[PDB]
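Given next are the chains, with one letter for each unit.
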Amino acid sequence: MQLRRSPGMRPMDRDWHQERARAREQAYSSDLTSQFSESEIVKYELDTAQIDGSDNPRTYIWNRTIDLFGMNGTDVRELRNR
Amino acid sequence: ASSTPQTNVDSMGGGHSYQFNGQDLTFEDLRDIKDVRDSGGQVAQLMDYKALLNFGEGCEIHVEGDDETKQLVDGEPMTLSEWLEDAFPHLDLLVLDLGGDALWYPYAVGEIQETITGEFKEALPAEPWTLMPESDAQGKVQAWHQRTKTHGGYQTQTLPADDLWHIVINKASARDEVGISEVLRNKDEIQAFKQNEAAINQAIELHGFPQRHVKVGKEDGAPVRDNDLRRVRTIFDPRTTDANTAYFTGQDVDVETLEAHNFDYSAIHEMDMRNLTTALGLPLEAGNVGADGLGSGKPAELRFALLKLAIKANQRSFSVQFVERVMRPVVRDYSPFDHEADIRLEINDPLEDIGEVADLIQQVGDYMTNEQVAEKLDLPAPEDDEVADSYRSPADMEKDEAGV
Amino acid sequence: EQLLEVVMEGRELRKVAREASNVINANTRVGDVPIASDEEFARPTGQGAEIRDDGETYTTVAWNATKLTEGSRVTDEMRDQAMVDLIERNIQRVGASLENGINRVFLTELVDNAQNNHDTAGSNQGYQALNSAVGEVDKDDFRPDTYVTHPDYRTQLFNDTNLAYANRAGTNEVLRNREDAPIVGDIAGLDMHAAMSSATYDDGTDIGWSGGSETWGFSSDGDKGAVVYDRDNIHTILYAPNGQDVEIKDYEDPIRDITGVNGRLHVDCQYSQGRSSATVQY
Amino acid sequence: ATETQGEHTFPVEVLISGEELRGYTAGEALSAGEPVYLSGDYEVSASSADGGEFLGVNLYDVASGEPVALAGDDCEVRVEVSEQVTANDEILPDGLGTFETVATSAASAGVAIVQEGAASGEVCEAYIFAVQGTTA
Amino acid sequence: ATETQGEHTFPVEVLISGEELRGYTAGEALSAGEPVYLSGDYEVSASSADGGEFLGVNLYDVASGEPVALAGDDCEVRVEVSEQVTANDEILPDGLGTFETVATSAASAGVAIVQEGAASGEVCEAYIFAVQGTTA
Ligand SMILES: [K+]
Ligand SMILES: [K+]
Ligand SMILES: [Mg+2]
Ligand SMILES: [Mg+2]
Ligand SMILES: [Mg+2]
Ligand SMILES: [Mg+2]
Ligand SMILES: [Mg+2]
Ligand SMILES: [Mg+2]
Ligand SMILES: [Mg+2]
Ligand SMILES: [Mg+2]
Ligand SMILES: [Mg+2]
């Protein structure tokens, strides 16, 4: 008998996909204990997700405190040479 | 030029594998269409109204120069139209079934059937959710792949495209032989509709009704425990209460109310319906919803023009394919007539105002032959060819002949 | 955009028993097939002497079909939130598990109760082993028409120069299409081939199953790697209370948010004449 | 508790049969298949090594304080054993997240009976037939 | 086990109530109403005397190697006793295919409670409340 939280069932759950994707987009690093709830780490099996901050758009978008040139909001992975 | 196409088509790939496209759909996607169709409620009723508008008004068969076809079929004369009307006795039902299927699914599909003697029996539809086409490098259907429920699972076969027939209403391009499901095309709008319906129903249960909240004890006073609340719950139990119950208390009992928390579920329902009806191309009125300034005048005339144009486009698309891929093969293989004849199948317009057509005839009948009048009026032409061909009324000639 | 709406399949075992044996759709879960005695020789006698009796004696092979079952239970919270139809997936799995069940019952009877054996002792394991095994059955006055084969045996057989060389096979089909070649189903007088999976035979290592007498395989001293037999003399007896065949039912719990799918079939497998069958041994 | 199939590791479904699913608060972080006992009011924690600490097996991984589904007694379960076991052996929570036999333990009665035998570190199939608490 | 009506003998229905019906292979030929225990992987055999050997009662007659349905914990059953029994007696397998009282046996704990008394060699009605395995 399988509940939605049961270990053999997690890959069938739409929310397990959605929250793992959403976790990768929120993180700045692989340090899960710092960034997430113990509940999220267990429920979405975040040890197994390749969380490292590389999939977060704010890693690449410039957001300098003083901007005289409208440079903020440019994403480096969208330039000519990326 | 050339005798085979020399532009390529997108319509080739790794079969029913793990990629996503409108022609690359799986048997699971076909059963997903079937589940939306089966499960009823508002979504199914709208798509049934769409089928009834396009195909529910019935049909007529024409042959250009029909009388010239006159030939003995079985010791008695028929024309090709008379033979087709005997070959397809219940064509009004068949057109509604196939026309319905071809709106829901990417295609309607079926078989020719013979008697044991080998005379034509019927065109027999097949369950479209069970069948998918296999296509060549130029997008033409080579084989049909079927899977169906069987004792303990699914039973599978392949059939040659040479002895099925299929019809496509919705297409990605005029080159597309596989077509598009309007259900799968608009699946997001269908999901959004169903989610908001569930959300409204749940919200009505929680929030649509007031609820009693008895608070017990003085504020900053002695605490009241669960066993103490049990003896209070007994006094105010809603199952035991009746409309004109009165209450007597000390100062430290408060009968508060969770009010019904007003939200405009009517406007949410109207918004969902406006989204879904327009997604399915129906007028808003098909969903039992209306709007200001759209009920009359040029604003009404336009939306009904758009609807009638949409219907004509579907009707012609179906009519041509049914004649070319069902009727002509049946004439060719089971009939003494010429299959290259100018057969037409025309499907009736669902929204004709007979009273407007009648008033048109009053105004300009003086410029129409009696047969043209009979056609517009939807009646058989006169039995006498000069009467049929003449312009002035059959009654107006008949009263003059009575003058002889 | 939306995530991948897909599941990748596991290993699928080869299912052949319904084709590779005589199938009886029994009216009862237990029953009997009647068997006649062997042919004899009319005895010499003098003139005017009494003709002695030696009439046809009979016996039976009993069938005793066992309910194979497989089941699954899932919460409606999971069923509603699934990537794909979980009930369709569990239906397909349950159906597959019962077909695999039939094939285990069939193959275990087929291998254990075949009354003849050809021991290859290594050496000539290809066409010569099939011809020798037909010889063993022919020597008991039956004629086989089918063979059942392990993956190891298939690999040996398709390395045999008598099949792998177009000159020697008379066609290049075995070299081109291997198992799908028409010669592979038309060899040594056998007009059918039934390619089995390795896991099919009952080792007794699987839960709820207690093993057969042999080792099924073709890669170590004493393994049985093929069976050459008469398809009309091995019976697969299927019984179902509510139809001809496997029944799947959709359970829904009276109280909890639980749904499930359960399949069942009753199967037995029995030789009519075990002498009509020979195993091939490594 | 894990099954290997080629490259892949699959979690075994813990509950084979039964409907004695019952919900408790996790007193600590717990993982699927662990034996647990009552540690506070409706609160369950991982069982210690001998008698008197068993209510059921945890069905899914939980953080501390989350609600836990247990398979109680009257259930058949797939469980990891820390030692060799055989059919008819009574087994008991081991203190290590596994079970072990009553014969090995300091106790004299089990909580489950082995239906299918298993080696040390393998998955056994067993029927849970009893709970154990504080008798003093 | 049998009941008599006029000249006729009828088989008794071994099960009165309960849903705890479970499937095993028979390790030998068994008769309906016999107490049985695990003797191999999912394999059951007739219980010997004095405890440590009871999973349930066999529900219908079987030959060796056939699948047997068995009633266990939470079932209420009609079973033949070896000796006189009374309501509230604890009973356990006798080693003879019957049950007997704990009081008569060398054991100290039973497996079923007698709900309706019976004389020697006839059917009592009893509720099965426990299983017994190898504790060593
Ligand atoms: K110890
Ligand atoms: K004794
Ligand atoms: Mg106070
Ligand atoms: Mg019989
Ligand atoms: Mg005589
Ligand atoms: Mg004789
Ligand atoms: Mg012989
Ligand atoms: Mg090839
Ligand atoms: Mg149960
Ligand atoms: Mg009960
Ligand atoms: Mg119980």
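Residues numbered from 1 in each chain as written, not as in the entry; some residues may be left out. Chains lettered and ligands numbered in written order. Part of a larger assembly, values for the part shown. Heavy atoms only, no water.

Colleague: Go over the overall build of chain B with me, naming the residues and quoting the values.
Modeller: Looking only at helices and strands, one finds 13 helices and 12 strands in chain B. The C-alpha radius of gyration computed for chain B amounts to 32 Å, which surpasses the reference 22 Å derived for 404 residues by more than 25%, pointing to a less compact arrangement than a globule. Expressed along its principal axes, the backbone C-alpha trace of chain B runs to roughly 110 × 70 × 45 Å. Taken across its 404 residues, chain B has 33% of its residues classed as buried. Summarising the internal contacts of chain B: among those between residues at least 6 apart in sequence, 64% fall at separations of at least 24. In the structure as shown, chain B presents an accessible area of about 25,900 Å², 47% of it carried by carbon and sulfur atoms. Mean positive and mean negative side-chain charge positions of chain B (35 and 78 charges, respectively) differ by 11 Å. (Helix = DSSP H or I, 4+ residues; strand = E, 2+ residues; numbered from the N terminus. Rg over C-alpha atoms; globule rule 2.2 N^0.38 Å. Buried < 20%, exposed > 50% of the residue type's maximum accessible area, 1.4 Å probe, protein only. Contact = heavy atoms within 4.5 Å. Areas by Shrake-Rupley, 256 points an atom, 1.4 Å probe, with all protein chains shown as cover. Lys, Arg positive; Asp, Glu negative; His and termini not counted. Charge placed at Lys NZ, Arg CZ, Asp CG, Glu CD.)

Colleague: Quick rundown of the UniProt feature "binding site: Mg(2+) 6" (unreviewed entry) in chain C? Include the residues and the values.
Modeller: All names here are of chain C. Sequence positions flagged by UniProt for "binding site: Mg(2+) 6" (unreviewed entry) are, in local numbering, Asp119 and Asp221. The greatest C-alpha distance among the annotated residues, which extend across 103 residues, is 10.0 Å, indicating that they converge on a single site. Within the element layout of this structure, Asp119 appears in strand β5 (residues 116-119). In contact with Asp119, other than residues within four places in its own chain, are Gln281 and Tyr282. A polar contact of 2.9 Å, which involves the side chain of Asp119, links it to the backbone nitrogen of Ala121. (UniProt positions renumbered as here; feature names shortened; annotations may be inferred. Polar contact = N/O pair within 3.5 Å; in protein donor to acceptor, adjacent residues only side chain to side chain.)

Colleague: Explain the sheet that holds strand β8 (residues 153-160) of chain B to me, using residue names and the numbers behind them.
Modeller: All names here are of chain B. Spatial ordering of the open sheet is given by β6-β7-β8, a layout of three strands whose pairing is antiparallel. Strands with a single pairing partner mark the edges of an open sheet, and in this sheet they are β6 (131-135) and β8. Mean inter-strand twist for the sheet, computed between neighbouring axes without regard to direction, equals 25°. (Pairing = 2+ DSSP bridges. Axes fitted to C-alpha atoms, helices over the stretch in contact; angles between N-to-C directions.)

Colleague: If you had to explain the pattern of salt bridges to someone new, which residues and values would you point to?
Modeller: In total, this model carries 39 salt bridges over all chains according to the counting rule given. Measuring nitrogen to oxygen at the nearest pair gives 2.8 Å for the salt bridge that ties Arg147(B) to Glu88(C). Residue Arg147(B) is located in strand β7 (residues 141-150), and its partner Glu88(C) is located in helix α3 (residues 86-113); the two belong to separate chains. Ionic pairing is found between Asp245(C) and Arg18(C), a salt bridge with its closest N-O pair at 2.7 Å. Highlighted residues: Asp245(C) in the loop between β9 (234-239) and β10 (247-252) and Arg18(C) in helix α1 (residues 17-20), separated in sequence by 227 residues. (Salt bridge = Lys/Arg side-chain N within 4 Å of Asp/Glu carboxyl O.)

Colleague: Outline helix α1 (residues 27-38) of chain B, listing residues and values.
Modeller: Counted at 1.5 Å a residue, the expected span for α1(B) with its 12 residues is 16 Å, and the 16 Å between its end C-alpha atoms agrees. By the N-cap criterion, in which a side-chain oxygen at the helix start approaches the backbone nitrogen of a residue two or three places on, α1(B) is capped by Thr26(B), the distance to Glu28(B) being 3.1 Å. (Expected span 1.5 Å × (residues − 1).)

Colleague: Kindly report on a nonpolar patch on the surface, identifying the contributing residues and their values.
Modeller: Taken together, the side chains of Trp62(A), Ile66(A), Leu68(A), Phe69(A) and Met71(A) make up a nonpolar region of the molecular surface, amounting to roughly 620 Å² of accessible area. Secondary-structure assignment places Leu68(A) in the segment after α3 (38-43). (Patch = residues over 30% accessible without salt bridge, like charges linked within 9 Å, V, L, I, M, F, W, Y side chains within 5 Å.)

Colleague: Help me get a handle on the interface of chain D and chain C, residues and values and all.
Modeller: Quoted interface sizes are often the accessible area lost when the parts come together. Listed by partner, the interface residues are five residues for chain D and four residues for chain C. Between chain D and chain C lies a buried interface of about 460 Å² when both sides are counted; carbon and sulfur atoms form 35% of it. Broken down residue by residue, the surface that chain D buries against chain C is led by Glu19(D), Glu116(D) and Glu125(D), which jointly contribute 66%. Where chain D packs against chain C, one counts one salt bridge. In this structure, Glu19(D) and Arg256(C) form a salt bridge, with 2.9 Å as the shortest nitrogen-oxygen distance. Counting every contact that joins chain D to chain C gives two residue pairs in polar contact. Across the side of chain D that touches chain C, the residue classes tally to no nonpolar, two polar and three charged. (Buried area = accessible area lost by both parts, 1.4 Å probe. Nonpolar A, V, L, I, M, F, W, Y, C, P; charged D, E, K, R; others polar.)

Colleague: Before we move on, can you summarise the layout of surface pockets with the specific residues and values?
Modeller: All names here are of chain B. A volume near 1,900 Å³ is recorded for the second largest pocket. Forming the walls of the second largest pocket are 43 residues, and the residues nearest its centre are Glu60, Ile61, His62, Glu375 and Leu379. For the lining of the second largest pocket, the secondary structure elements donating two or more residues are β1 (59-63), α3 (80-87), α9 (298-334), β12 (343-347), α10 (354-364), α11 (370-376) and α12 (385-389). A class-by-class count of the residues in the lining of the second largest pocket yields 15 nonpolar, seven polar and 21 charged. (1 Å grid on protein atoms, 1.4 Å probe; cavity = no way out; pocket = protein on both sides within 12 Å on 5 of 7 lines; lining within 4 Å. Points joined across faces, edges and corners; volume = space filled by probe spheres on them.)

Colleague: So what's going on with the environment of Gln132(D)? Which residues, and what values?
Modeller: Residue and element names in this part refer to chain D. Along the polypeptide, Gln132 turns up in the segment after β13 (123-128). When neighbours within four sequence positions are excluded, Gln132 is seen to be in contact with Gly51, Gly52, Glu53, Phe54, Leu92, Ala109, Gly110 and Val111. Among the polar contacts listed, one links the side chain of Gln132 to the backbone nitrogen of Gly52, at a separation of 3.0 Å.

Colleague: Describe in detail the UniProt feature "binding site: Mg(2+) 1" (unreviewed entry) in chain C, supporting the description with residues and values.
Modeller: All names here are of chain C. Residues given the UniProt feature "binding site: Mg(2+) 1" (unreviewed entry) here are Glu1 and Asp32. In sequence the annotated residues extend across 32 residues, and in space they extend as well, their farthest C-alpha pair lying 62.2 Å apart. Summarising the element assignment, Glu1 is placed in the segment before α1. Mapped onto the elements, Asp32 comes out in strand β2 (residues 30-36). Not counting chain neighbours up to four residues away, the residues in contact with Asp32 comprise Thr60, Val61, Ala62 and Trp63. For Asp32, the side chain forms a polar contact with the side chain of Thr60, separated by 2.6 Å.

Colleague: An account of the pairing of strand β5 (residues 35-40) of chain D is requested, with residue identities and associated values reported.
Modeller: Where a strand is regular, its side chains alternate between the two sheet faces. All names here are of chain D. As paired elements, β5 and strand β7 (residues 56-58) share two bridges and run antiparallel to each other. Within the sheet, the bridge partner assigned to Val36 lies in β7 and is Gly56. As paired strands, β5 and strand β6 (residues 43-46) are joined by four bridges and run antiparallel to one another. Bridge pairing in β6 links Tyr37 to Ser45. Following β5, the chain reverses through two residues before pairing antiparallel with β6; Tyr42 in that reversal takes a positive phi of roughly 55°.

Colleague: So what's going on with the coordination of the magnesium ion (ligand 5)? Residues and values would help.
Modeller: Only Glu50(C) (OE) and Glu50(C) (OE) from the protein coordinate the magnesium ion (ligand 5), and they sit 2.0 to 2.2 Å from it. Looking at the element boundaries, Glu50(C) is found in the loop between β2 and β3 (58-64). (Donors = N, O, S within 2.8 Å, 3.2 Å for Na, K, Ca; no water.)

Colleague: Please provide a residue-by-residue account of the relation of the copies chain E and chain D, values included.
Modeller: Rotating chain E by 121° and translating it 0.1 Å along the rotation axis places it on chain D, where the RMSD comes to 0.4 Å. Those values place the two copies in the arrangement expected of a three-fold rotation axis. Different-surface contact between copies: only 6% of interface residues of chain E are shared with the interface of chain D. (Least-squares fit on C-alpha atoms.)

Colleague: Explain the interface of chain E and chain D residue by residue, including any values.
Modeller: Listed by partner, the interface residues are 18 residues for chain E and 18 residues for chain D. Taken over both partners, the interface formed by chain E and chain D buries close to 1,600 Å², and the fraction arising from carbon and sulfur atoms is 48%. Area buried by chain E at its contact with chain D is led by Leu38(E), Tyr42(E) and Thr135(E), which between them contribute 35% of it. On inspection of chain E and its partner chain D, the count reaches one salt bridge. A salt bridge links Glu76(D) to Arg22(E); the shortest N-O distance between them is 3.1 Å. Scanning the region where chain E abuts chain D turns up 13 residue pairs in polar contact. Looking at the side of chain E that touches chain D, its residues break down into seven nonpolar, six polar and five charged.

Colleague: How would you sum up the arrangement of the chains? Please name residues and give values.
Modeller: The protein chains that touch form six pairs of chains, and the pair with the most contacts between them is chains D and E. If you take every C-alpha in chain B and every C-alpha in chain D, the smallest gap between them is 16 Å, and the two do not touch. Nothing in chain B touches chain E, and the closest approach of their C-alpha atoms is 22 Å.

Colleague: Break down helix α2 (residues 41-55) of chain B for me, with residues and values.
Modeller: Its 15 residues give α2(B) an end-to-end C-alpha distance of 21 Å, which sits within 8% of 21 Å, the value for a rise of 1.5 Å per residue. Here α2(B) has its buried residues at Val43(B), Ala44(B), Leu46(B), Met47(B), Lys50(B), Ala51(B), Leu53(B), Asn54(B) and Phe55(B).

Colleague: I'd like to hear about empty space enclosed by the protein, residue by residue, with values.
Modeller: Summary: where empty space remains is shown by rolling a probe the size of a single water molecule over the atoms. Counted under the stated rule, the structure contains two cavities of 30 Å³ or more. Taken as a whole, the largest cavity spans an internal volume of roughly 40 Å³. Around the largest cavity, the lining residues are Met1(A), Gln2(A), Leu3(A), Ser6(A), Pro7(A), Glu13(D), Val14(D), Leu15(D) and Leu59(D). Of the residues belonging to the lining of the largest cavity, the class tally is six nonpolar, two polar and one charged. Together, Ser72(C), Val74(C), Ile87(C), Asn90(C), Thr259(C), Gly260(C) and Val261(C) line the second largest cavity. Looking at the lining of the second largest cavity element by element, the count peaks at three residues for strand β11 (residues 258-271) of chain C. Its residues assigned to classes, the lining of the second largest cavity comprises three nonpolar, four polar and no charged.

Colleague: Go over the packing of aromatic side chains, please, and point to the residues and values.
Modeller: Per the counting criterion, the structure on display carries 16 aromatic pairs over all chains. Cluster of aromatic residues (ring-pair linked, three or more members): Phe55(B), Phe88(B), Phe120(B), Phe318(B), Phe322(B) and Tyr334(B). Sitting over the face of the ring of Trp16(A), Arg20(A) holds its NZ or CZ atom 4.0 Å from the ring centroid. Over the aromatic face of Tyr127(D) sits the side chain of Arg22(E), whose NZ or CZ is 3.9 Å from the ring centroid. (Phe/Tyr/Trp six-rings, centres within 6.5 Å; stacked < 30°, edge-to-face > 60°. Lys NZ or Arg CZ within 6 Å of the ring centre and 35° of its normal.)

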